[PDB]
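Student: Contents of data_13.pdb (PDB, C-alpha atoms and all ligand atoms) are given next:
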```pdb
ATOM      1  CA  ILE A   1      74.041 176.285  56.103
ATOM      2  CA  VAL A   2      72.396 173.933  58.635
ATOM      3  CA  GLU A   3      68.711 174.372  59.511
ATOM      4  CA  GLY A   4      68.189 177.312  57.207
ATOM      5  CA  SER A   5      65.874 177.816  54.265
ATOM      6  CA  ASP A   6      66.093 178.515  50.493
ATOM      7  CA  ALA A   7      66.890 182.152  49.709
ATOM      8  CA  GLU A   8      64.372 184.244  47.786
ATOM      9  CA  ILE A   9      65.471 185.495  44.365
ATOM     10  CA  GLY A  10      67.672 188.594  44.800
ATOM     11  CA  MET A  11      67.561 188.264  48.615
ATOM     12  CA  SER A  12      71.355 188.483  48.922
ATOM     13  CA  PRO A  13      72.497 190.285  45.792
ATOM     14  CA  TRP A  14      76.003 190.842  47.258
ATOM     15  CA  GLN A  15      76.501 187.062  47.581
ATOM     16  CA  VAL A  16      79.604 185.852  45.787
ATOM     17  CA  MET A  17      80.731 182.281  45.123
ATOM     18  CA  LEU A  18      84.456 181.506  45.245
ATOM     19  CA  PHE A  19      84.904 178.818  42.661
ATOM     20  CA  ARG A  20      87.952 176.662  42.162
ATOM     21  CA  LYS A  21      88.845 176.198  38.492
ATOM     22  CA  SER A  22      90.439 172.718  38.652
ATOM     23  CA  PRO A  23      88.929 170.630  40.015
ATOM     24  CA  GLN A  24      85.697 172.588  39.600
ATOM     25  CA  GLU A  25      84.376 173.050  43.130
ATOM     26  CA  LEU A  26      82.892 175.447  45.668
ATOM     27  CA  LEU A  27      85.700 176.921  47.794
ATOM     28  CA  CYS A  28      83.871 179.499  49.910
ATOM     29  CA  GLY A  29      81.416 182.378  49.973
ATOM     30  CA  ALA A  30      82.368 186.057  49.668
ATOM     31  CA  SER A  31      80.611 189.394  49.245
ATOM     32  CA  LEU A  32      80.465 192.211  46.764
ATOM     33  CA  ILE A  33      81.405 195.588  48.299
ATOM     34  CA  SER A  34      81.778 197.668  45.094
ATOM     35  CA  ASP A  35      81.930 196.998  41.352
ATOM     36  CA  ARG A  36      85.595 195.982  41.694
ATOM     37  CA  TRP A  37      86.153 194.578  45.200
ATOM     38  CA  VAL A  38      85.102 191.331  46.878
ATOM     39  CA  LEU A  39      85.398 190.538  50.591
ATOM     40  CA  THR A  40      86.113 187.043  51.985
ATOM     41  CA  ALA A  41      87.910 185.105  54.736
ATOM     42  CA  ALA A  42      91.707 184.886  54.541
ATOM     43  CA  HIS A  43      91.539 181.158  55.383
ATOM     44  CA  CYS A  44      89.616 180.542  52.155
ATOM     45  CA  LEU A  45      92.816 181.524  50.324
ATOM     46  CA  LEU A  46      95.648 180.752  52.712
ATOM     47  CA  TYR A  47      95.839 177.919  55.257
ATOM     48  CA  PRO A  48      99.325 176.351  55.404
ATOM     49  CA  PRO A  49      98.459 173.625  57.939
ATOM     50  CA  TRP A  50      96.364 171.971  55.203
ATOM     51  CA  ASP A  51      98.591 173.123  52.278
ATOM     52  CA  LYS A  52      96.000 175.614  51.052
ATOM     53  CA  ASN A  53      97.576 178.487  49.119
ATOM     54  CA  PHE A  54      95.368 179.745  46.279
ATOM     55  CA  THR A  55      96.810 182.200  43.734
ATOM     56  CA  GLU A  56      94.674 184.582  41.567
ATOM     57  CA  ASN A  57      94.722 182.200  38.578
ATOM     58  CA  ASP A  58      93.392 179.251  40.601
ATOM     59  CA  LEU A  59      89.921 180.672  41.029
ATOM     60  CA  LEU A  60      86.954 182.523  39.547
ATOM     61  CA  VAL A  61      84.376 184.688  41.347
ATOM     62  CA  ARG A  62      80.679 183.972  40.486
ATOM     63  CA  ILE A  63      78.233 186.778  41.241
ATOM     64  CA  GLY A  64      74.424 186.948  40.999
ATOM     65  CA  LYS A  65      73.970 183.214  41.652
ATOM     66  CA  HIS A  66      71.039 181.409  43.226
ATOM     67  CA  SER A  67      71.512 177.809  42.115
ATOM     68  CA  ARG A  68      74.654 176.124  43.520
ATOM     69  CA  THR A  69      75.609 173.968  40.555
ATOM     70  CA  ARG A  70      73.844 175.484  37.533
ATOM     71  CA  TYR A  71      75.426 177.823  35.048
ATOM     72  CA  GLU A  72      72.796 180.584  35.401
ATOM     73  CA  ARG A  73      72.801 181.895  31.868
ATOM     74  CA  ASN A  74      71.888 185.609  31.451
ATOM     75  CA  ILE A  75      72.027 186.082  35.249
ATOM     76  CA  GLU A  76      75.263 185.240  36.976
ATOM     77  CA  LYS A  77      78.487 186.990  36.071
ATOM     78  CA  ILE A  78      81.879 185.308  36.194
ATOM     79  CA  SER A  79      84.885 187.478  37.028
ATOM     80  CA  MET A  80      88.595 186.814  37.159
ATOM     81  CA  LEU A  81      90.914 187.993  39.920
ATOM     82  CA  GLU A  82      93.467 190.756  39.368
ATOM     83  CA  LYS A  83      94.967 190.574  42.864
ATOM     84  CA  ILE A  84      94.425 189.029  46.317
ATOM     85  CA  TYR A  85      95.203 190.994  49.526
ATOM     86  CA  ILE A  86      95.307 189.025  52.772
ATOM     87  CA  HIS A  87      95.475 190.872  56.082
ATOM     88  CA  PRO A  88      99.207 191.057  56.956
ATOM     89  CA  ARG A  89      98.458 190.010  60.559
ATOM     90  CA  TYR A  90      96.043 187.158  59.674
ATOM     91  CA  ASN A  91      96.757 184.422  62.284
ATOM     92  CA  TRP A  92      96.567 181.029  60.571
ATOM     93  CA  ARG A  93      98.930 179.426  63.152
ATOM     94  CA  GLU A  94      96.576 179.571  66.127
ATOM     95  CA  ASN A  95      92.994 180.847  65.964
ATOM     96  CA  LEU A  96      92.263 182.573  62.604
ATOM     97  CA  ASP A  97      92.577 186.042  64.235
ATOM     98  CA  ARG A  98      91.902 188.734  61.552
ATOM     99  CA  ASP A  99      90.353 186.207  59.148
ATOM    100  CA  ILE A 100      89.833 188.644  56.257
ATOM    101  CA  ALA A 101      90.991 189.163  52.657
ATOM    102  CA  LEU A 102      90.114 191.373  49.696
ATOM    103  CA  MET A 103      90.073 190.459  46.041
ATOM    104  CA  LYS A 104      90.246 192.974  43.235
ATOM    105  CA  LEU A 105      88.428 191.997  40.062
ATOM    106  CA  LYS A 106      90.080 192.281  36.666
ATOM    107  CA  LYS A 107      87.070 194.224  35.312
ATOM    108  CA  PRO A 108      84.173 196.056  36.963
ATOM    109  CA  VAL A 109      80.992 193.986  37.301
ATOM    110  CA  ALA A 110      77.718 195.510  36.101
ATOM    111  CA  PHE A 111      75.007 195.816  38.763
ATOM    112  CA  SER A 112      71.630 194.238  38.064
ATOM    113  CA  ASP A 113      68.542 192.896  39.874
ATOM    114  CA  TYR A 114      70.728 190.011  41.131
ATOM    115  CA  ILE A 115      74.044 191.844  41.621
ATOM    116  CA  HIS A 116      74.374 194.753  44.061
ATOM    117  CA  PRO A 117      76.914 195.728  46.781
ATOM    118  CA  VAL A 118      76.426 195.535  50.572
ATOM    119  CA  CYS A 119      77.425 198.424  52.887
ATOM    120  CA  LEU A 120      80.269 198.230  55.368
ATOM    121  CA  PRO A 121      79.482 199.570  58.832
ATOM    122  CA  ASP A 122      80.801 202.718  60.420
ATOM    123  CA  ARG A 123      81.524 203.000  64.135
ATOM    124  CA  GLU A 124      77.978 204.067  64.980
ATOM    125  CA  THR A 125      76.291 201.254  63.032
ATOM    126  CA  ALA A 126      78.517 198.733  64.681
ATOM    127  CA  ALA A 127      77.966 200.131  68.156
ATOM    128  CA  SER A 128      74.192 200.169  67.652
ATOM    129  CA  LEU A 129      73.703 196.720  66.082
ATOM    130  CA  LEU A 130      76.510 194.458  67.336
ATOM    131  CA  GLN A 131      74.628 193.590  70.556
ATOM    132  CA  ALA A 132      73.859 190.193  72.199
ATOM    133  CA  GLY A 133      70.357 189.051  71.082
ATOM    134  CA  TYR A 134      70.292 191.204  67.987
ATOM    135  CA  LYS A 135      69.964 188.946  64.928
ATOM    136  CA  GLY A 136      71.894 188.908  61.692
ATOM    137  CA  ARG A 137      71.692 186.845  58.546
ATOM    138  CA  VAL A 138      74.118 184.284  57.155
ATOM    139  CA  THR A 139      73.970 182.906  53.608
ATOM    140  CA  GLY A 140      75.858 180.276  51.620
ATOM    141  CA  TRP A 141      76.000 177.141  49.439
ATOM    142  CA  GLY A 142      77.801 175.051  52.069
ATOM    143  CA  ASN A 143      76.820 171.738  53.687
ATOM    144  CA  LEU A 144      73.306 171.201  55.012
ATOM    145  CA  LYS A 145      74.569 168.994  57.882
ATOM    146  CA  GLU A 146      77.761 168.467  59.832
ATOM    147  CA  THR A 147      77.934 164.878  58.579
ATOM    148  CA  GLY A 155      74.089 166.873  51.910
ATOM    149  CA  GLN A 156      74.511 169.831  49.548
ATOM    150  CA  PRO A 157      71.825 172.465  48.713
ATOM    151  CA  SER A 158      70.175 173.028  45.334
ATOM    152  CA  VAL A 159      70.066 176.768  45.942
ATOM    153  CA  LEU A 160      71.547 179.462  48.234
ATOM    154  CA  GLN A 161      70.603 178.924  51.882
ATOM    155  CA  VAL A 162      69.774 181.570  54.473
ATOM    156  CA  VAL A 163      69.552 181.565  58.308
ATOM    157  CA  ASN A 164      68.937 184.328  60.874
ATOM    158  CA  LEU A 165      70.947 183.951  64.116
ATOM    159  CA  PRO A 166      71.263 186.050  67.328
ATOM    160  CA  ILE A 167      74.599 187.573  68.354
ATOM    161  CA  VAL A 168      75.876 185.918  71.560
ATOM    162  CA  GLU A 169      77.360 187.532  74.731
ATOM    163  CA  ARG A 170      81.161 187.429  74.639
ATOM    164  CA  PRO A 171      81.611 185.415  77.861
ATOM    165  CA  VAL A 172      79.214 182.738  76.535
ATOM    166  CA  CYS A 173      81.216 182.629  73.263
ATOM    167  CA  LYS A 174      84.453 182.256  75.255
ATOM    168  CA  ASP A 175      83.063 179.571  77.569
ATOM    169  CA  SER A 176      81.930 177.450  74.621
ATOM    170  CA  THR A 177      85.406 176.629  73.279
ATOM    171  CA  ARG A 178      89.036 175.974  74.153
ATOM    172  CA  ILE A 179      90.169 178.213  71.262
ATOM    173  CA  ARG A 180      91.451 181.693  72.248
ATOM    174  CA  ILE A 181      88.860 184.346  71.203
ATOM    175  CA  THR A 182      90.000 187.854  70.208
ATOM    176  CA  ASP A 183      88.328 191.272  69.824
ATOM    177  CA  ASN A 184      88.421 190.662  66.042
ATOM    178  CA  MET A 185      85.805 187.886  66.401
ATOM    179  CA  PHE A 186      82.232 187.594  67.502
ATOM    180  CA  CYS A 187      79.986 184.562  67.798
ATOM    181  CA  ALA A 188      76.336 183.923  66.899
ATOM    182  CA  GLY A 189      73.749 181.141  67.178
ATOM    183  CA  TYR A 190      70.978 179.921  69.457
ATOM    184  CA  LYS A 191      71.593 178.520  72.941
ATOM    185  CA  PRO A 192      70.377 175.001  73.851
ATOM    186  CA  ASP A 193      67.613 176.521  76.041
ATOM    187  CA  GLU A 194      66.377 178.658  73.103
ATOM    188  CA  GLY A 195      64.927 175.766  71.078
ATOM    189  CA  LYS A 196      65.778 177.191  67.661
ATOM    190  CA  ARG A 197      68.662 175.972  65.528
ATOM    191  CA  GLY A 198      70.888 177.037  62.660
ATOM    192  CA  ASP A 199      74.543 177.591  61.763
ATOM    193  CA  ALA A 200      77.011 178.019  58.956
ATOM    194  CA  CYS A 201      78.938 174.926  57.915
ATOM    195  CA  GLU A 202      81.684 173.656  55.583
ATOM    196  CA  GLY A 203      81.544 175.613  52.272
ATOM    197  CA  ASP A 204      80.039 178.715  53.895
ATOM    198  CA  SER A 205      83.284 180.337  55.150
ATOM    199  CA  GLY A 206      84.032 183.753  53.672
ATOM    200  CA  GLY A 207      80.326 184.559  53.227
ATOM    201  CA  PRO A 208      78.588 187.526  54.872
ATOM    202  CA  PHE A 209      76.832 187.925  58.232
ATOM    203  CA  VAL A 210      74.545 190.909  57.511
ATOM    204  CA  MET A 211      72.171 193.114  59.496
ATOM    205  CA  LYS A 212      69.476 195.490  58.263
ATOM    206  CA  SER A 213      69.813 198.856  59.942
ATOM    207  CA  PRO A 214      66.493 199.949  61.509
ATOM    208  CA  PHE A 215      67.718 203.544  61.056
ATOM    209  CA  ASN A 216      68.241 203.759  57.320
ATOM    210  CA  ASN A 217      66.849 200.433  56.026
ATOM    211  CA  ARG A 218      70.189 199.456  54.507
ATOM    212  CA  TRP A 219      71.985 196.147  54.763
ATOM    213  CA  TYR A 220      75.389 196.167  56.432
ATOM    214  CA  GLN A 221      77.976 193.388  56.533
ATOM    215  CA  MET A 222      78.962 193.020  60.190
ATOM    216  CA  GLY A 223      80.760 189.661  59.912
ATOM    217  CA  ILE A 224      82.451 187.122  57.669
ATOM    218  CA  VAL A 225      81.859 183.397  58.285
ATOM    219  CA  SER A 226      85.184 182.366  59.875
ATOM    220  CA  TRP A 227      85.262 179.178  61.942
ATOM    221  CA  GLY A 228      83.357 176.717  64.112
ATOM    222  CA  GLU A 229      83.636 173.310  65.720
ATOM    223  CA  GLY A 230      81.341 170.916  63.844
ATOM    224  CA  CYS A 231      78.107 172.580  62.652
ATOM    225  CA  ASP A 232      74.897 173.331  64.595
ATOM    226  CA  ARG A 233      76.062 171.481  67.722
ATOM    227  CA  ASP A 234      74.335 172.213  71.036
ATOM    228  CA  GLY A 235      76.441 174.580  73.165
ATOM    229  CA  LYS A 236      78.609 175.583  70.212
ATOM    230  CA  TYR A 237      78.452 178.825  68.209
ATOM    231  CA  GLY A 238      79.623 180.060  64.822
ATOM    232  CA  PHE A 239      82.533 182.509  64.884
ATOM    233  CA  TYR A 240      82.684 185.545  62.643
ATOM    234  CA  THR A 241      85.318 188.055  61.618
ATOM    235  CA  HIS A 242      84.403 191.488  63.113
ATOM    236  CA  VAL A 243      84.280 193.594  59.925
ATOM    237  CA  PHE A 244      84.159 197.009  61.577
ATOM    238  CA  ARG A 245      87.240 196.298  63.754
ATOM    239  CA  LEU A 246      89.215 195.624  60.546
ATOM    240  CA  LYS A 247      87.686 198.411  58.411
ATOM    241  CA  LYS A 248      90.757 200.672  58.623
ATOM    242  CA  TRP A 249      92.686 197.866  56.861
ATOM    243  CA  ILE A 250      89.928 197.530  54.228
ATOM    244  CA  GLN A 251      89.998 201.284  53.551
ATOM    245  CA  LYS A 252      93.809 201.350  53.416
ATOM    246  CA  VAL A 253      93.889 198.591  50.761
ATOM    247  CA  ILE A 254      91.164 200.049  48.527
ATOM    248  CA  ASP A 255      92.587 203.596  48.893
ATOM    249  CA  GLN A 256      96.074 202.397  47.867
ATOM    250  CA  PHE A 257      95.233 199.899  45.110
TER     251      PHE A 257
ATOM    252  CA  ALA B   1      75.611 205.734  47.673
ATOM    253  CA  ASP B   2      73.171 202.849  46.876
ATOM    254  CA  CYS B   3      74.953 200.144  48.933
ATOM    255  CA  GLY B   4      72.773 197.662  50.793
ATOM    256  CA  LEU B   5      69.529 198.576  49.019
ATOM    257  CA  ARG B   6      68.393 195.490  47.120
ATOM    258  CA  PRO B   7      66.862 196.025  43.657
ATOM    259  CA  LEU B   8      64.171 193.422  44.278
ATOM    260  CA  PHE B   9      63.374 194.471  47.846
ATOM    261  CA  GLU B  10      64.272 197.923  49.303
ATOM    262  CA  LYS B  11      64.390 199.589  45.876
ATOM    263  CA  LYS B  12      60.812 198.585  45.094
ATOM    264  CA  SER B  13      59.571 198.672  48.738
ATOM    265  CA  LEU B  14      59.040 194.906  49.018
ATOM    266  CA  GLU B  15      60.020 192.980  52.140
ATOM    267  CA  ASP B  16      61.606 189.516  52.194
ATOM    268  CA  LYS B  17      59.919 186.737  54.192
ATOM    269  CA  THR B  18      62.144 186.861  57.335
ATOM    270  CA  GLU B  19      63.700 190.355  57.589
ATOM    271  CA  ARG B  20      60.995 191.238  60.144
ATOM    272  CA  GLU B  21      62.612 188.669  62.513
ATOM    273  CA  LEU B  22      65.737 190.777  62.425
ATOM    274  CA  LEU B  23      63.817 194.019  63.114
ATOM    275  CA  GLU B  24      61.970 192.465  66.025
ATOM    276  CA  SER B  25      65.341 191.578  67.619
ATOM    277  CA  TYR B  26      66.647 195.164  67.458
ATOM    278  CA  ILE B  27      65.063 196.221  70.702
ATOM    279  CA  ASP B  28      67.335 198.732  72.492
TER     280      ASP B  28
ATOM    281  CA  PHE C   2      78.794 171.522  38.676
ATOM    282  CA  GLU C   3      77.498 172.390  35.216
ATOM    283  CA  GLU C   4      80.242 173.455  32.808
ATOM    284  CA  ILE C   5      80.968 177.169  32.500
ATOM    285  CA  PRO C   6      81.524 178.665  29.039
TER     286      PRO C   6
HETATM  287  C1  LIG D 301      90.630 175.795  56.075
HETATM  288  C2  LIG D 301      90.871 176.415  57.451
HETATM  289  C3  LIG D 301      89.758 176.270  58.432
HETATM  290  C4  LIG D 301      90.110 176.499  59.771
HETATM  291  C5  LIG D 301      89.116 176.383  60.722
HETATM  292  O1  LIG D 301      89.378 176.605  62.065
HETATM  293  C6  LIG D 301      90.734 176.519  62.510
HETATM  294  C7  LIG D 301      90.741 176.635  64.048
HETATM  295  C8  LIG D 301      92.195 176.603  64.515
HETATM  296  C9  LIG D 301      90.134 177.960  64.530
HETATM  297  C10 LIG D 301      89.892 175.555  64.755
HETATM  298  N1  LIG D 301      89.717 174.245  64.112
HETATM  299  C11 LIG D 301      89.936 173.205  65.140
HETATM  300  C12 LIG D 301      88.340 174.080  63.584
HETATM  301  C13 LIG D 301      87.798 176.073  60.343
HETATM  302  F1  LIG D 301      86.910 175.997  61.363
HETATM  303  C14 LIG D 301      87.410 175.822  59.015
HETATM  304  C15 LIG D 301      85.975 175.456  58.645
HETATM  305  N2  LIG D 301      85.215 176.718  58.700
HETATM  306  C16 LIG D 301      84.017 176.727  59.420
HETATM  307  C17 LIG D 301      83.342 177.960  59.530
HETATM  308  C18 LIG D 301      82.166 177.997  60.248
HETATM  309  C19 LIG D 301      81.633 176.824  60.811
HETATM  310  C20 LIG D 301      80.421 176.909  61.600
HETATM  311  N3  LIG D 301      79.828 178.104  61.865
HETATM  312  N4  LIG D 301      79.899 175.826  62.230
HETATM  313  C21 LIG D 301      82.304 175.599  60.706
HETATM  314  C22 LIG D 301      83.495 175.547  59.990
HETATM  315  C23 LIG D 301      85.908 174.614  57.409
HETATM  316  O2  LIG D 301      85.257 175.034  56.414
HETATM  317  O3  LIG D 301      86.545 173.513  57.459
HETATM  318  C24 LIG D 301      88.427 175.934  58.046
HETATM  319 CA    CA D 302      87.340 179.039  77.018
HETATM  320 NA    NA D 303      74.983 175.537  68.480
END
```
Just dump the structure as structure tokens.

Tutor:
Amino acid sequence: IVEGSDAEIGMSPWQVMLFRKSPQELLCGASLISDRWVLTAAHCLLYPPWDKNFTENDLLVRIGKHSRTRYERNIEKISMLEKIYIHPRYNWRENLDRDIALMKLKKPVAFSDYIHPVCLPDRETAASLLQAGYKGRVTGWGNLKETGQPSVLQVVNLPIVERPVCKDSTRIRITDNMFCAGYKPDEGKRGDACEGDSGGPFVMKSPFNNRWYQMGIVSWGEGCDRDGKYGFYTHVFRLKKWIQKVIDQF
Amino acid sequence: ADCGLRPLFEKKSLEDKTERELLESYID
Amino acid sequence: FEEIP
């Protein structure tokens, strides 16, 4: 996260760290959506152009974390993966269209002060909140700058951007399964996700029921926090039928 | 049933330092 | 990263 701030304790209790076993390193963020299921970006697990193809045994999921590098004894929980499910129409060839995957945990994780699931939006939530200017929140342990690494989870609040402005900012083809967020040059304020943040949540707090909903997944971007560029996010609601299908079946 | 209600915030009626920024942006 | 047990 570039130009964000340190999270408060328990500020993002759905935050999950995707952790590579060997070598030991941060792969991506992710989010807890029940005691058994974790949501992340497909590209965190599968990206053939760069020979990325992680299997269940390659990684661990770390939940309840605040510190990036510490083993947070008596606080974080480490879970193994039973199965990965990548969207069958995930487009890694071109533009990361449908950049979404689910991970089933081998065992249910116990909820605590530091571990608690986020809500997924329904149609009405999404219609009400997914509006240009409306702000959401992005969290992660990724790079502090495009060109280093945080001590603790970082947080930034960013406004959703009008679709034509998103389109006009890039040569990449933008689909309905994506939205973009970030401040405009004329807006003065800064902030963005960066390397290491992909797969993490873009959340909004409903003013109707005071619940946090995950509207996006950190997906892609060109550099980090550049003027006239915006972060791109997987549109969770648009892909929710897939999410439901997978959990209902497996 | 309890999704998106944080033990250390919503559940005990405490607000985090910047959530009000989000509320102020939800204008419509 | 600190070692995990
Ligand atoms: C491992 C696969 C991968 C693919 C990415 O994009 C692919 C593509 C074709 C959409 C464009 N590419 C030229 C960046 C990509 F951005 C990443 C990239 N993800 C990323 C996400 C958000 C931001 C931001 N908000 N500034 C920046 C970077 C990364 O971690 O390298 C990773
Ligand atoms: Ca364009
Ligand atoms: Na920018």

Student: Using all atoms listed in the file, what are the residues with an atom within 7 Å of ligand LIG 301 (chain D), set out as a PyMOL selection string?

Tutor: chain A and resi 43-44+47+50+94-96+179+199-205+225-232+237-239

Student: For a quick check of your reading of the model, name the residues lying within 9 Å of the coordinate (82.5, 178.1, 34.6), counting all atoms listed in the file, and write them as a CSV table (one decimal) with C-alpha atoms, in the frame of the given file.

Tutor:
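Resulting contents of selection-v7.csv:
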```csv
chain,number,residue,atom,x,y,z
A,19,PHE,CA,84.9,178.8,42.7
A,21,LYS,CA,88.8,176.2,38.5
A,24,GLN,CA,85.7,172.6,39.6
A,60,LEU,CA,87.0,182.5,39.5
A,62,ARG,CA,80.7,184.0,40.5
A,71,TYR,CA,75.4,177.8,35.0
A,78,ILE,CA,81.9,185.3,36.2
C,2,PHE,CA,78.8,171.5,38.7
C,3,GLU,CA,77.5,172.4,35.2
C,4,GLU,CA,80.2,173.5,32.8
C,5,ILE,CA,81.0,177.2,32.5
C,6,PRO,CA,81.5,178.7,29.0
```

Student: What residues come out when you apply the ChimeraX specification (/A :<8) & /B to this file, written as a PyMOL selection string?

Tutor: chain B and resi 3-10+16+19+21-23+25-27

Student: Let me have all residues with an atom within 7 Å of ligand CA 302 (chain D), counting all atoms listed in the file, laid out as a PyMOL selection string.

Tutor: chain A and resi 174-180

Student: Rounded to one decimal in Å, what is the spacing between atom CA of residue A:74 and atom CA of residue A:105?

Tutor: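 If I compute the distance from atom CA of residue A:74 to atom CA of residue A:105, I get 19.7 Å.
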
Student: Hey, can you check how far atom CA of residue A:159 sits from atom CA of residue A:236?

Tutor: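 About the pair atom CA of residue A:159 and atom CA of residue A:236: they are 25.8 Å apart.
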
Student: Determine, counting all atoms listed in the file, which protein, DNA and RNA residues have an atom within 10 Å of an atom of residue A:99; residues of the same chain fewer than 3 positions away are not included. Present the result as a PyMOL selection string.

Tutor: chain A and resi 40-44+46+86-87+89-92+95-96+184-185+206+224-227+240-243+246

Student: In Å, with one decimal, what is the gap from atom CA of residue A:244 to atom CA of residue A:101?

Tutor: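 One can read the atom CA of residue A:244 to atom CA of residue A:101 distance as 13.7 Å.
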
Student: Could you expand the PyMOL selection byres (((chain A and resi 102) around 6) and not hetatm) into the explicit residues it covers here, written as a JSON list (two decimals) with C-alpha atoms, keeping the file's coordinate frame?

Tutor:
```
[["chain", "number", "residue", "atom", "x", "y", "z"],
["A", 38, "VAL", "CA", 85.10, 191.33, 46.88],
["A", 39, "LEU", "CA", 85.40, 190.54, 50.59],
["A", 84, "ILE", "CA", 94.42, 189.03, 46.32],
["A", 85, "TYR", "CA", 95.20, 190.99, 49.53],
["A", 101, "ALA", "CA", 90.99, 189.16, 52.66],
["A", 103, "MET", "CA", 90.07, 190.46, 46.04]]
```

Student: Considering all atoms listed in the file, return as a JSON list (two decimals) with C-alpha atoms, keeping the file's coordinate frame whatever protein or nucleic-acid residues lie within 10 Å of residue A:57, sequence-local ones (same chain, fewer than 2 positions apart) excluded.

Tutor:
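Below is the file selection06.json, written as the result:
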```
[["chain", "number", "residue", "atom", "x", "y", "z"],
["A", 20, "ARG", "CA", 87.95, 176.66, 42.16],
["A", 21, "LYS", "CA", 88.84, 176.20, 38.49],
["A", 54, "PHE", "CA", 95.37, 179.74, 46.28],
["A", 55, "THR", "CA", 96.81, 182.20, 43.73],
["A", 59, "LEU", "CA", 89.92, 180.67, 41.03],
["A", 60, "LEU", "CA", 86.95, 182.52, 39.55],
["A", 80, "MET", "CA", 88.60, 186.81, 37.16],
["A", 81, "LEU", "CA", 90.91, 187.99, 39.92],
["A", 82, "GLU", "CA", 93.47, 190.76, 39.37],
["A", 83, "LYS", "CA", 94.97, 190.57, 42.86]]
```

Student: Can you pull out the residues contacting residue A:254? Cut-off 10 Å, using only C-alpha atoms, and skip same-chain residues under 2 positions away; I want them as a PyMOL selection string.

Tutor: chain A and resi 36-37+85+102-104+249-252+256-257

Student: Let me know the residues the PyMOL selection byres (((chain A and resi 67) around 7) and not hetatm) catches in the file above, as a ChimeraX atom specification.

Tutor: /A:65-66,68-70,158-160
